[PDB]
Structure formats: structure tokens, C-alpha cells
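Quick look at query-v4.txt (compact mmCIF, C-alpha atoms and all ligand atoms):
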# COMPACT_ATOMS: atom_id res chain seq x y z
CA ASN Z 701 108.62 95.25 120.59
CA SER Z 702 105.76 97.76 120.89
CA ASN Z 703 102.50 96.59 122.58
CA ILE Z 704 100.22 98.38 120.14
CA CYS Z 705 99.71 98.07 116.39
CA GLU Z 706 101.78 100.67 114.56
CA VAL Z 707 98.92 101.42 112.18
CA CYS Z 708 95.77 101.59 114.33
CA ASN Z 709 97.41 102.13 117.77
CA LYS Z 710 95.35 99.32 119.45
CA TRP Z 711 96.42 96.21 121.31
CA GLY Z 712 95.16 92.75 120.25
CA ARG Z 713 96.74 89.84 118.29
CA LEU Z 714 100.06 91.40 117.24
CA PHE Z 715 102.92 90.15 115.00
CA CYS Z 716 106.26 91.57 115.91
CA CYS Z 717 108.93 92.76 113.54
CA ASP Z 718 112.29 90.94 114.05
CA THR Z 719 114.40 93.92 112.88
CA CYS Z 720 112.67 96.89 114.51
CA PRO Z 721 110.40 97.21 117.51
CA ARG Z 722 107.12 97.71 115.54
CA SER Z 723 104.14 95.42 115.82
CA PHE Z 724 101.08 94.85 113.64
CA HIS Z 725 97.72 93.26 113.50
CA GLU Z 726 97.64 90.72 110.71
CA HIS Z 727 95.48 92.78 108.30
CA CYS Z 728 96.75 96.21 109.30
CA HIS Z 729 100.16 95.38 107.91
CA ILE Z 730 100.30 95.60 104.16
CA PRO Z 731 100.81 93.10 102.69
CA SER Z 732 99.00 90.95 105.41
CA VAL Z 733 101.49 89.43 107.82
CA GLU Z 734 103.07 86.37 106.19
CA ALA Z 735 102.06 82.84 107.54
CA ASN Z 736 105.59 81.70 108.20
CA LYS Z 737 109.01 83.43 107.70
CA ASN Z 738 111.29 83.59 110.80
CA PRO Z 739 112.87 86.08 110.95
CA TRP Z 740 110.09 88.45 109.75
CA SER Z 741 110.83 91.98 108.64
CA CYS Z 742 107.98 94.52 108.46
CA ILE Z 743 107.40 96.82 105.50
CA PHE Z 744 109.12 99.74 107.24
CA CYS Z 745 112.30 97.56 107.43
CA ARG Z 746 111.91 96.34 103.85
CA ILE Z 747 111.62 99.91 102.61
CA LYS Z 748 114.73 100.99 104.54
CA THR Z 749 116.68 98.06 102.99
CA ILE Z 750 115.85 99.31 99.44
CA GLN Z 751 117.29 102.74 100.36
CA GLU Z 752 120.40 101.27 101.94
CA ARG Z 753 121.10 99.04 98.94
CA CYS Z 754 120.73 102.01 96.54
CA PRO Z 755 121.49 105.32 98.36
CA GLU Z 756 121.01 107.14 95.00
CA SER Z 757 117.31 106.11 95.09
CA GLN Z 758 116.88 109.04 97.45
CA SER Z 759 117.99 111.69 94.91
CA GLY Z 760 115.15 113.92 93.67
CA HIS Z 761 112.84 112.60 90.96
CA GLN Z 762 110.19 114.11 88.65
CA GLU Z 763 106.64 112.93 89.56
CA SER Z 764 105.94 112.42 85.84
CA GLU Z 765 108.77 109.85 85.67
CA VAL Z 766 107.69 108.12 88.94
CA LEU Z 767 104.11 107.70 87.68
CA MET Z 768 105.20 105.88 84.44
CA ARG Z 769 107.23 103.26 86.31
CA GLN Z 770 106.02 99.73 85.93
CA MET Z 771 104.88 98.03 89.13
CA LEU Z 772 107.90 95.74 89.50
CA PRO Z 773 108.50 94.31 93.05
CA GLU Z 774 110.10 97.42 94.53
CA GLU Z 775 107.42 99.83 93.20
CA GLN Z 776 104.71 97.38 94.33
CA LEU Z 777 106.24 97.56 97.84
CA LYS Z 778 106.57 101.34 97.86
CA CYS Z 779 102.84 101.67 96.89
CA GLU Z 780 101.96 99.16 99.65
CA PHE Z 781 103.86 101.28 102.16
CA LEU Z 782 102.33 104.55 100.92
CA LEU Z 783 98.86 102.97 101.34
CA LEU Z 784 99.89 101.85 104.81
CA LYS Z 785 100.97 105.38 105.79
CA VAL Z 786 97.43 106.61 104.97
CA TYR Z 787 95.81 103.90 107.04
CA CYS Z 788 98.15 105.02 109.82
CA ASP Z 789 96.11 108.25 110.18
CA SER Z 790 92.90 107.77 112.24
CA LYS Z 791 91.03 109.97 109.74
CA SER Z 792 91.46 107.22 107.12
CA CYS Z 793 88.40 105.51 108.70
CA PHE Z 794 86.25 107.90 106.61
CA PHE Z 795 87.70 106.59 103.34
CA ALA Z 796 88.31 102.90 104.12
CA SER Z 797 85.06 101.26 103.20
CA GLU Z 798 82.65 101.61 100.34
CA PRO Z 799 80.83 104.94 100.48
CA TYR Z 800 77.31 105.90 99.56
CA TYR Z 801 75.81 109.15 98.40
CA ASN Z 802 72.40 110.67 99.24
CA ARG Z 803 72.64 114.33 100.21
CA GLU Z 804 70.26 117.02 99.12
CA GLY Z 805 71.85 119.19 96.43
CA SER Z 806 74.66 116.74 95.53
CA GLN Z 807 75.10 113.89 93.09
CA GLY Z 808 77.41 110.91 93.82
CA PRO Z 809 80.70 110.53 91.91
CA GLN Z 810 80.76 108.64 88.64
CA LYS Z 811 83.64 106.45 89.90
CA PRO Z 812 83.48 105.69 93.64
CA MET Z 813 86.80 104.73 95.22
CA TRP Z 814 87.87 103.76 98.69
CA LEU Z 815 91.05 102.57 100.48
CA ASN Z 816 89.95 98.88 100.85
CA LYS Z 817 89.30 98.74 97.17
CA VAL Z 818 92.83 100.04 96.44
CA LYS Z 819 94.15 97.53 99.02
CA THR Z 820 92.48 94.67 97.12
CA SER Z 821 93.59 96.03 93.79
CA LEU Z 822 97.21 95.98 95.09
CA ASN Z 823 96.84 92.51 96.53
CA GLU Z 824 95.48 91.18 93.20
CA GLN Z 825 98.26 92.95 91.14
CA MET Z 826 95.72 94.99 89.11
CA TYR Z 827 98.04 97.98 88.71
CA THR Z 828 100.67 97.81 85.92
CA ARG Z 829 102.15 101.26 86.72
CA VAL Z 830 102.52 103.51 89.76
CA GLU Z 831 100.15 105.95 87.99
CA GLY Z 832 97.24 103.45 88.35
CA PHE Z 833 97.60 103.42 92.09
CA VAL Z 834 98.21 107.13 92.56
CA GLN Z 835 95.18 108.01 90.35
CA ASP Z 836 92.79 105.86 92.39
CA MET Z 837 94.25 107.30 95.65
CA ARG Z 838 93.78 110.87 94.39
CA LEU Z 839 90.29 110.00 93.23
CA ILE Z 840 89.21 109.08 96.72
CA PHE Z 841 89.84 112.58 97.96
CA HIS Z 842 88.68 114.38 94.86
CA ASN Z 843 85.28 112.58 94.96
CA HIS Z 844 84.90 113.58 98.62
CA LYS Z 845 85.69 117.26 97.89
CA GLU Z 846 83.24 117.38 95.04
CA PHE Z 847 80.44 115.64 96.97
CA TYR Z 848 80.59 117.57 100.22
CA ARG Z 849 80.75 120.99 98.49
CA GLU Z 850 80.73 123.67 101.21
CA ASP Z 851 80.03 121.40 104.18
CA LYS Z 852 82.93 121.65 106.50
CA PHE Z 853 83.28 117.82 106.21
CA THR Z 854 85.13 118.43 102.95
CA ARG Z 855 88.18 119.32 105.07
CA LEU Z 856 88.57 115.62 105.96
CA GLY Z 857 89.37 114.99 102.29
CA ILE Z 858 91.99 117.76 102.34
CA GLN Z 859 93.56 116.50 105.50
CA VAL Z 860 93.93 112.91 104.44
CA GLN Z 861 95.05 113.85 100.95
CA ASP Z 862 97.82 115.97 102.51
CA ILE Z 863 99.02 112.89 104.44
CA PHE Z 864 99.04 110.99 101.15
CA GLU Z 865 100.84 113.66 99.25
CA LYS Z 866 103.66 114.19 101.81
CA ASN Z 867 104.21 110.46 102.06
CA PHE Z 868 104.22 110.07 98.25
CA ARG Z 869 106.91 112.76 98.00
CA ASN Z 870 108.94 111.05 100.81
CA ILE Z 871 108.60 107.45 99.64
CA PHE Z 872 109.34 108.07 96.01
CA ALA Z 873 111.90 110.82 96.70
CA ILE Z 874 110.18 113.47 94.59
CA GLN Z 875 112.51 116.49 93.94
CA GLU Z 876 111.83 119.17 96.53
CA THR Z 877 110.45 122.43 95.08
CA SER Z 878 109.37 125.89 96.41
ZN ZN R 901 96.05 97.45 113.80
ZN ZN R 902 110.43 96.42 111.08
ZN ZN R 903 123.94 101.15 94.23
Take the structure in this file and express it as C-alpha cells.
Ligand SMILES: [Zn+2]
Ligand SMILES: [Zn+2]
Ligand SMILES: [Zn+2]
Amino acid sequence: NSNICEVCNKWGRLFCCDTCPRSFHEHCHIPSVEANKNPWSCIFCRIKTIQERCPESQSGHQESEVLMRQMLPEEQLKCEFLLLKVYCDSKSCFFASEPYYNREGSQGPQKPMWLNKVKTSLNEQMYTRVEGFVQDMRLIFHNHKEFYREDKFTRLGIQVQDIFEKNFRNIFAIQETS
């Protein structure tokens, strides 16, 4: 097994996957690493098992159809993974915790959002459809773009949103387009 957390790339108290070499801190893994279970399979392994059970799950899909799916166990897991892939980027630190807004010439967003909030919302099963989750994720970056206006810091929103968007297309097998 790896000696660093797959998500944050640090050493510390790690839990090792029993079916791939990845390792995690407890709260970096999503969901948080389970108390017992031996063997333990990480979310990367769980996601690969879904695909292997239903190879056809990788055929192209319309986003509009994906968003209306109910958050049954497999969609819950795919949203958990997609959230994890964002946390995997070091630039997610800017969006993890609750923001605040006091900049001359800007007003804060009406509906603040941040990754730890979405994490909690997933943990507490507050989303009934994939759309719920994806809207809050997109909101995080949109609020950032709107607040930082022409400051070059707005590019952080673009960058992290691109990581989201690519992973959303991958995870939910969205039909490739030109
Ligand atoms: Zn970590
Ligand atoms: Zn694994
Ligand atoms: Zn099948």
C-alpha cells in the first residue's frame, strides 16, 4: 500500500485498501473510513465493481437523464466519489470551508456553498436526486466567479470547476460530444 493519503498526498494515520494499493486518512475518504469491515475496499474499488458488474453502465448518457436519477445506493456512491475527486485537487482548499464576503465593489452571493457543506449534505442523505448534488457543486464555482469579478483569483473557480466537470462526465459516463 501507498504511504501517503490518496486525496491530500500527506502521511499520517492511514487506512489501507485491501483490494488496491491506495491509502486514506479517515476523513479524507468519502464516506469516512468504516470502523470495522475486514477486508475493506476503498471507494475507487467500489466504483470499479459497479462498472464490472454492468459494463453497459459505461455507454454514453444524456446529462439531463443523469440529473433526474434518484439517489439510490449506486448514485449516492458515484456522487461521493465525484466529491472525492474534487478534494483530490490541492486547489479545493479554497472551496472547502465556509466562505465570507467583504470586498470593495462586490456583494456576497445569496446562497453560499462550500465542499464541506456538500459533504455533510451527502452524509445526512439530504439529496433525493443527482441534480441536488450537482447544482450545489456548480453553485460553489459560480458564486466564486461572480464575487471575484475581474480579479485574477476568479481563475481558481474555473480551474476547480473544470476538475469537477471532467470527473462528472467520466463517473456518470456522459455521452462524448464535440
Ligand atoms: Zn488525507
Ligand atoms: Zn481500493
Ligand atoms: Zn449486466
Legend entry - Length of the CA of residue 741 (chain Z) to CA of residue 720 (chain Z) vector [Å]: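 That distance, rounded to one decimal, is 7.9 Å.
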Inset, instruction - Select, from Z:709, Z:854, Z:723, Z:867, the residue with the minimum atom-to-atom distance to residue 745 (chain Z), counting all atoms listed in the file. - result: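 Once distances to residue 745 (chain Z) are computed over all atoms listed in the file, the minimum belongs to Z:723.
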Could you build a table of the residues in chain Z lying no more than 12 Å from ligand ZN 902 (chain R), giving for each the nearest pair of atoms and their separation in Å rounded to one decimal place, using only C-alpha atoms and all ligand atoms, ordered by chain and ascending residue number, as JSON lines?
{"residue": "Z:701", "atom": "CA", "partner": "R:ZN902", "partner_atom": "ZN", "distance": 9.8}
{"residue": "Z:702", "atom": "CA", "partner": "R:ZN902", "partner_atom": "ZN", "distance": 10.9}
{"residue": "Z:706", "atom": "CA", "partner": "R:ZN902", "partner_atom": "ZN", "distance": 10.2}
{"residue": "Z:715", "atom": "CA", "partner": "R:ZN902", "partner_atom": "ZN", "distance": 10.5}
{"residue": "Z:716", "atom": "CA", "partner": "R:ZN902", "partner_atom": "ZN", "distance": 8.0}
{"residue": "Z:717", "atom": "CA", "partner": "R:ZN902", "partner_atom": "ZN", "distance": 4.7}
{"residue": "Z:718", "atom": "CA", "partner": "R:ZN902", "partner_atom": "ZN", "distance": 6.5}
{"residue": "Z:719", "atom": "CA", "partner": "R:ZN902", "partner_atom": "ZN", "distance": 5.0}
{"residue": "Z:720", "atom": "CA", "partner": "R:ZN902", "partner_atom": "ZN", "distance": 4.1}
{"residue": "Z:721", "atom": "CA", "partner": "R:ZN902", "partner_atom": "ZN", "distance": 6.5}
{"residue": "Z:722", "atom": "CA", "partner": "R:ZN902", "partner_atom": "ZN", "distance": 5.7}
{"residue": "Z:723", "atom": "CA", "partner": "R:ZN902", "partner_atom": "ZN", "distance": 7.9}
{"residue": "Z:724", "atom": "CA", "partner": "R:ZN902", "partner_atom": "ZN", "distance": 9.8}
{"residue": "Z:729", "atom": "CA", "partner": "R:ZN902", "partner_atom": "ZN", "distance": 10.8}
{"residue": "Z:733", "atom": "CA", "partner": "R:ZN902", "partner_atom": "ZN", "distance": 11.8}
{"residue": "Z:739", "atom": "CA", "partner": "R:ZN902", "partner_atom": "ZN", "distance": 10.6}
{"residue": "Z:740", "atom": "CA", "partner": "R:ZN902", "partner_atom": "ZN", "distance": 8.1}
{"residue": "Z:741", "atom": "CA", "partner": "R:ZN902", "partner_atom": "ZN", "distance": 5.1}
{"residue": "Z:742", "atom": "CA", "partner": "R:ZN902", "partner_atom": "ZN", "distance": 4.1}
{"residue": "Z:743", "atom": "CA", "partner": "R:ZN902", "partner_atom": "ZN", "distance": 6.4}
{"residue": "Z:744", "atom": "CA", "partner": "R:ZN902", "partner_atom": "ZN", "distance": 5.2}
{"residue": "Z:745", "atom": "CA", "partner": "R:ZN902", "partner_atom": "ZN", "distance": 4.3}
{"residue": "Z:746", "atom": "CA", "partner": "R:ZN902", "partner_atom": "ZN", "distance": 7.4}
{"residue": "Z:747", "atom": "CA", "partner": "R:ZN902", "partner_atom": "ZN", "distance": 9.2}
{"residue": "Z:748", "atom": "CA", "partner": "R:ZN902", "partner_atom": "ZN", "distance": 9.1}
{"residue": "Z:749", "atom": "CA", "partner": "R:ZN902", "partner_atom": "ZN", "distance": 10.4}
Legend entry - Near-residue 818 (chain Z) list (8 Å; only C-alpha atoms; drop same-chain fewer than 3 positions) as a list in words: residues 813, 814, 815, 821, 822, 833, 836 and 837 of chain Z
Selection as a PDB file with C-alpha atoms, keeping the file's coordinate frame: residues within 12 Å of ligand ZN 901 (chain R) by only C-alpha atoms and all ligand atoms:
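See result.pdb below for the written result:
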ATOM      1  CA  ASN Z 703     102.500  96.590 122.580  1.00  0.00           C
ATOM      2  CA  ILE Z 704     100.220  98.380 120.140  1.00  0.00           C
ATOM      3  CA  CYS Z 705      99.710  98.070 116.390  1.00  0.00           C
ATOM      4  CA  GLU Z 706     101.780 100.670 114.560  1.00  0.00           C
ATOM      5  CA  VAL Z 707      98.920 101.420 112.180  1.00  0.00           C
ATOM      6  CA  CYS Z 708      95.770 101.590 114.330  1.00  0.00           C
ATOM      7  CA  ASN Z 709      97.410 102.130 117.770  1.00  0.00           C
ATOM      8  CA  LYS Z 710      95.350  99.320 119.450  1.00  0.00           C
ATOM      9  CA  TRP Z 711      96.420  96.210 121.310  1.00  0.00           C
ATOM     10  CA  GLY Z 712      95.160  92.750 120.250  1.00  0.00           C
ATOM     11  CA  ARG Z 713      96.740  89.840 118.290  1.00  0.00           C
ATOM     12  CA  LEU Z 714     100.060  91.400 117.240  1.00  0.00           C
ATOM     13  CA  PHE Z 715     102.920  90.150 115.000  1.00  0.00           C
ATOM     14  CA  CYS Z 716     106.260  91.570 115.910  1.00  0.00           C
ATOM     15  CA  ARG Z 722     107.120  97.710 115.540  1.00  0.00           C
ATOM     16  CA  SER Z 723     104.140  95.420 115.820  1.00  0.00           C
ATOM     17  CA  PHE Z 724     101.080  94.850 113.640  1.00  0.00           C
ATOM     18  CA  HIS Z 725      97.720  93.260 113.500  1.00  0.00           C
ATOM     19  CA  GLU Z 726      97.640  90.720 110.710  1.00  0.00           C
ATOM     20  CA  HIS Z 727      95.480  92.780 108.300  1.00  0.00           C
ATOM     21  CA  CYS Z 728      96.750  96.210 109.300  1.00  0.00           C
ATOM     22  CA  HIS Z 729     100.160  95.380 107.910  1.00  0.00           C
ATOM     23  CA  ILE Z 730     100.300  95.600 104.160  1.00  0.00           C
ATOM     24  CA  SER Z 732      99.000  90.950 105.410  1.00  0.00           C
ATOM     25  CA  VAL Z 733     101.490  89.430 107.820  1.00  0.00           C
ATOM     26  CA  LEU Z 784      99.890 101.850 104.810  1.00  0.00           C
ATOM     27  CA  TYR Z 787      95.810 103.900 107.040  1.00  0.00           C
ATOM     28  CA  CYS Z 788      98.150 105.020 109.820  1.00  0.00           C
ATOM     29  CA  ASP Z 789      96.110 108.250 110.180  1.00  0.00           C
ATOM     30  CA  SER Z 790      92.900 107.770 112.240  1.00  0.00           C
TER      31      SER Z 790
END
Inset, instruction - Mind checking which residues fall within 12 Å of residue 764 (chain Z), counting only C-alpha atoms, ignoring those fewer than 2 positions away in the same chain, and posting them as a list in words? - result: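 Answer for this query is residues 761, 762, 766, 767, 768, 769, 829, 830, 831, 834, 872, 874 and 875 of chain Z.
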Legend entry - Distance query 7 Å from (78.1, 115.0, 94.4) using only C-alpha atoms, result as a list in words: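 Selection result: residues 806, 807, 808, 809, 846, 847 and 848 of chain Z.
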Could you give me, as a PDB file with C-alpha atoms, in the coordinates of the input, every polymer residue with an atom at most 9 Å away from an atom of ligand ZN 903 (chain R), counting only C-alpha atoms and all ligand atoms?
ATOM      1  CA  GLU Z 752     120.400 101.270 101.940  1.00  0.00           C
ATOM      2  CA  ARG Z 753     121.100  99.040  98.940  1.00  0.00           C
ATOM      3  CA  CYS Z 754     120.730 102.010  96.540  1.00  0.00           C
ATOM      4  CA  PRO Z 755     121.490 105.320  98.360  1.00  0.00           C
ATOM      5  CA  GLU Z 756     121.010 107.140  95.000  1.00  0.00           C
ATOM      6  CA  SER Z 757     117.310 106.110  95.090  1.00  0.00           C
TER       7      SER Z 757
END
Inset, instruction - Rank nothing, just name the residue among Z:819, Z:803, Z:791, Z:785 nearest to residue 851 (chain Z), using all atoms listed in the file. - result: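 Going through Z:819, Z:803, Z:791, Z:785 one by one, the smallest distance to residue 851 (chain Z) is for Z:803.
Note that CA of residue 763 (chain Z) and CA of residue 877 (chain Z) are 11.6 Å apart.
Coordinates place CA of residue 864 (chain Z) at a distance of 6.0 Å from CA of residue 786 (chain Z).
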Legend entry - Closest of Z:759, Z:820, Z:878, Z:736 to residue 783 (chain Z) - atom-to-atom distances counting all atoms listed in the file: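 Among the listed residues, the smallest separation from residue 783 (chain Z) belongs to Z:820.
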Show me, as a PDB file with C-alpha atoms, in the coordinates of the input, the residues that have an atom within 9 Å of residue 856 (chain Z) when counting only C-alpha atoms, minus same-chain residues fewer than 4 positions from it.
ATOM      1  CA  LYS Z 791      91.030 109.970 109.740  1.00  0.00           C
ATOM      2  CA  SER Z 792      91.460 107.220 107.120  1.00  0.00           C
ATOM      3  CA  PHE Z 794      86.250 107.900 106.610  1.00  0.00           C
ATOM      4  CA  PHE Z 841      89.840 112.580  97.960  1.00  0.00           C
ATOM      5  CA  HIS Z 844      84.900 113.580  98.620  1.00  0.00           C
ATOM      6  CA  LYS Z 845      85.690 117.260  97.890  1.00  0.00           C
ATOM      7  CA  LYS Z 852      82.930 121.650 106.500  1.00  0.00           C
ATOM      8  CA  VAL Z 860      93.930 112.910 104.440  1.00  0.00           C
ATOM      9  CA  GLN Z 861      95.050 113.850 100.950  1.00  0.00           C
TER      10      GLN Z 861
END
Step by step, gather every atom of region 737-752 of chain Z that the file lists, find the box along x, y and z that holds them, add 6 Å on each side, and finally give centre and edge lengths in Å to one decimal, as AutoDock Vina command-line options.
--center_x 113.9 --center_y 93.1 --center_z 105.2 --size_x 25.0 --size_y 31.3 --size_z 23.5
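Closest approach to residue 811 (chain Z) from the set Z:828, Z:843, Z:823, Z:770 is made by Z:843, with distances taken over all atoms listed in the file.
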Inset, instruction - Would you mind telling me which residue in Z:734, Z:838, Z:775, Z:827 lies nearest to residue 863 (chain Z) when using all atoms listed in the file? - result: Z:838
Inset, instruction - Pick out the closest residue to residue 857 (chain Z) from this set: Z:805, Z:793, Z:871, Z:824. Count only C-alpha atoms. - result: Z:793
